[PDB]
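# Structural overview for review
Take a look at the letters that make up each chain.
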Amino acid sequence: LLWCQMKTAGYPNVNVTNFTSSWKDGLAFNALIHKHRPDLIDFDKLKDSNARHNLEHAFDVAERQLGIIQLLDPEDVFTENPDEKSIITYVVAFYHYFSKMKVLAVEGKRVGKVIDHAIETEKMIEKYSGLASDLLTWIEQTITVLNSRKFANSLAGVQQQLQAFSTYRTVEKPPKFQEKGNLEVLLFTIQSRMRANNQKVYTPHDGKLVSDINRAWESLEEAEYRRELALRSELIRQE
Amino acid sequence: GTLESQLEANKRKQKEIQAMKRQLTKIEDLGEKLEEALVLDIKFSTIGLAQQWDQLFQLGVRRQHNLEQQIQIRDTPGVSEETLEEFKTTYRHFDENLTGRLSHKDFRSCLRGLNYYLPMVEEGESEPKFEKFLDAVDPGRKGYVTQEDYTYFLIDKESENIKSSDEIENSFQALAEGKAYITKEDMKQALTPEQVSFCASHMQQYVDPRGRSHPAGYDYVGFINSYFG
């Protein structure tokens, strides 16, 4: 009663002091369902002299629009004999209903923010997994090509693979080292994402690690490098 | 400890890069003559470290921008001016004496005016929701709540940014209405079915204290302690 009196005294034109005679005009139910949801009822064009209407308006938007069902009449309140248990059931009903749906909306936005942030992280988690798999397969099928250390015997030929290897140096190495930097950027993005989200460790699976990429990448550097040694050894002999 | 100091560290990195892009010139221009000095070999490629320097520049800029993005995550309440004005009006209405401190009964009446599901005045019974709220507001049992004491609870209860996972812990309990298990239907009045499908895929089945398993019983405690713990 203190809740409804305090909330309806601030609301215009309705004064509620009891549970029997302050409710006969029907404006108080409509005011309390209008504060939490103004969008359904035009409270301003209602008058107390149409009191039997005023309940059956608000009573008609009570069950179907909101989901609270109980069987009375406008005449039952309109009679001088009051029903205390009916109005007690109604007041506890919309109190629990409005508190429930208020905390429902608040908790809904709370959970939605975090889970949207999370799923936005894991789509590009699968993107990172796919790019890492593609890049490491490319790495290990290119080192196999670069193992080949047998070719013909000619000054023009040795100079021609020198030119081809220099073009493979100066055109192809910058982008095929650039995907490693892009992968590192994505991994730090995931790190910053998780401690923004504050969950446990992602723990990228075995066979897909930065240490494995580094191991393969100095491995291809070494294979390149005692490719280069043998190249100019035979070059200077032929020269 | 605080995220403002990291700015300075990033700024210190921003103090390095221009000087060292200075330094990059005195490498690369030098390379310009040694490659015109009739090739030869240096065990080394300068252009590659040019891309690693550019990569360090880009990661530093992105890390800085993501760090102001984070400090905007943690320092934006998102509460509208209308909600704050309503909270101030409720604080003024509950404190009719204008003493700047509302009593425990006044705080309970204001919480009832804030549409909190708190049953009151049971016949010789004690409930723990009001006690927990009083402990969160005034843990010292001072008997009065100031303007800021209730405002901290309102800000932590209102919207948007989250300090700790404990509120998620005991807020899926409130979403489950105090039940140790939750259902998909309860989750589907608040959350998009996209995220509901995610939650049903990644969170397991609940076991009660009796040990019996519901087919529809879902435990948020184990899921939260598994991902966020």
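Note on numbering: residues are counted from 1 along each chain in the order of its written sequence, which can differ from the entry, and residues with no coordinates are hidden. All chains are assigned letters beginning at A, and all ligands numbers beginning at 1, according to the order in which they are written. Keep in mind that this is only part of a larger assembly, and the values describe that part, not the whole. Neither water nor hydrogens contribute to the side-chain values; these are computed over all heavy atoms in the structure. Residues with missing side-chain atoms are left out of burial classes, side-chain pairs and their counts.

### A word on the overall build of chain A
Note the following rule: A run of DSSP states H or I qualifies as a helix once it reaches four residues; a run of E qualifies as a strand once it reaches two. Both are numbered from the N-terminal end. With C-alpha atoms as the basis for the radius of gyration, the globule rule is written as 2.2 Å multiplied by the number of residues raised to the power 0.38. In this analysis, two residues are considered to be in contact whenever any of their non-hydrogen atoms come within 4.5 Å of each other.
A count of helices and strands for chain A gives eight helices and zero strands. Helices (α) and strands (β) of chain A occur, in sequence order from the N terminus, as α-α-α-α-α-α-α-α. By the compact-globule yardstick of 18 Å for 239 residues, chain A is too spread out, its C-alpha radius of gyration being 39 Å. Over its C-alpha atoms, taken along the principal directions, chain A stretches across nearly 120 × 30 × 30 Å. Within chain A, contacts between residues separated by at least 24 positions form 62% of all contacts whose residues are at least 6 apart in sequence.

### Re the overall build of chain B
Within chain B, the regular secondary structure consists of ten helices and two strands. Along its sequence from the N terminus, chain B presents helices and strands in the succession α-α-α-β-α-α-β-α-α-α-α-α. For 229 residues, the compact-globule formula gives about 17 Å, and the C-alpha radius of gyration of chain B, at 29 Å, lies well above that figure. Across its three principal axes, chain B shows a C-alpha extent of roughly 100 × 55 × 30 Å. Put simply, 67% of the contacts in chain B that link residues at least 6 apart link residues at least 24 apart.

### Comments concerning the pattern of salt bridges
Stated formally: The term salt bridge refers to a pairing of a side-chain nitrogen on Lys or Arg with a carboxyl oxygen on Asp or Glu at a separation within 4 Å.
Between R232(A) and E228(A) there is a salt bridge, and its shortest N-O distance comes to 2.3 Å. A residue pair is termed a helical-turn pair when its members lie 3 or 4 positions apart in one helix, as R232(A) and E228(A) do in helix α8 (residues 210–238) at four residues. Between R74(B) and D75(B) there is a salt bridge, and its shortest N-O distance comes to 3.6 Å. Through salt bridges with shared partners, a single network forms among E228(A), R232(A) and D41(B).

### Let's talk about the packing of aromatic side chains
Residue and element names in this part refer to chain A. So the rule is basically this: What counts as a ring pair is set by centres within 6.5 Å for rings of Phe, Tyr and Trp (its six-membered ring), and what kind of pair is set by the plane angle: stacked under 30 degrees, edge-to-face over 60, tilted for all other angles. Only when the NZ of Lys or the CZ of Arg is both within 6 Å of the ring centre and within 35 degrees of the ring normal is a charge said to sit over the ring.
Ring centres of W3 and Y95 lie 5.8 Å apart, and the angle between their planes is 75°; this geometry places the pair in the edge-to-face category. Taken together, the residues span a long stretch of sequence, with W3 in helix α1 (residues 2–10) and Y95 in helix α6 (residues 84–146) at a distance of 92 residues. With 5.0 Å between their ring centres and 55° between their planes, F177 and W217 make a pair best called tilted. Within this pair, whereas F177 is found in helix α7 (residues 155–197), its partner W217 is found in helix α8, the two being separated by 40 residues in sequence. Here a set of aromatic residues connected by ring pairs shows up, and it is made of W3, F94, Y95, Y97 and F98. Note that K24 overlies the ring of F78, its terminal NZ or CZ placed 4.8 Å from the centroid. Its end group placed over the ring of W138, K176 keeps NZ or CZ at 4.7 Å from the ring centre.

### Here's the deal with the interface of chain A and chain B
Rule in force here: The classification used treats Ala, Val, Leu, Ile, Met, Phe, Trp, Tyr, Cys and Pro as nonpolar, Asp, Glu, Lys and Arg as charged, and all other residues, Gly among them, as polar.
Taken together, the contacts link 41 residues of chain A with 41 residues of chain B. Looking at the side of chain A that touches chain B, the elements with two or more residues in it are α1, α6, α7 and α8 of chain A. Broken down by element, the side of chain A that touches chain B gets its largest block of residues, 17 residues, from α6(A). Per-class residue counts for the side of chain A that touches chain B are 16 nonpolar, eleven polar and 14 charged.

### What to know about the side chain of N161(B)
Residue and element names in this part refer to chain B. Selection criterion: Here a polar contact is recorded for every N or O atom pair within 3.5 Å, except that within protein the pair must consist of a potential hydrogen donor and a potential acceptor, and residues adjacent in sequence are included only if both atoms are side-chain atoms.
Here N161 is to be found in the loop between α6 (147–158) and α7 (166–175). Within the structure, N161 has its side chain in polar contact with the backbone oxygen of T76 (distance 3.1 Å). Ignoring sequence-local partners within four residues, the contact set of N161 consists of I73, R74, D75, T76 and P77.

### Some points on unusual backbone geometry
Peptide bonds are, in most cases, trans, and in most cases residues other than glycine have a negative phi. Residues and elements named next belong to chain B. With a phi angle near 55°, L98 is a residue other than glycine that sits in the positive phi range. Residue position: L98 is located in the loop between α3 (81–94) and β1 (102–103). The backbone of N115 shows a phi angle near 60°, a positive value even though the residue is not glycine. Following the sequence through the fold, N115 ends up in the loop between α4 (104–113) and α5 (128–137).

### A short note on the packing of helix α1 (residues 4–36) of chain B against helix α2 (residues 46–74) of chain B
Packed helix pairs are specified by the crossing angle of their axes together with the interaxial distance, meaning the distance between the axes. Residues and elements named next belong to chain B. Under the convention used in this document: Only C-alpha atoms enter the line fits that serve as axes; for helices the fit covers just the stretch in contact. Angles between N-to-C directions range over 0 to 180 degrees. Angle categories: roughly parallel below 35 degrees, roughly antiparallel above 145, roughly perpendicular from 65 to 115, and oblique for all the rest. By definition, any crossing whose near helix is turned counterclockwise from its far helix by less than a right angle is left-handed, and any crossing with a clockwise turn is right-handed.
Contact geometry for α1 and α2: axes closest at 11 Å, N-to-C directions at 160°. Compared by their axis directions, α1 and α2 come out roughly antiparallel. Crossing of α1 over α2 shows left-handed handedness. Across from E4, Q6, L7, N10, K11, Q14, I17, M20, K21 and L24 in α1, the residues of α2 making contact are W53, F57, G60, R63, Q64, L67, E68, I71 and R74. Across the contact of α1 with α2, the residue classes break down as eight nonpolar, five polar and six charged.

Function cannot be read off these values alone, since they describe shape.
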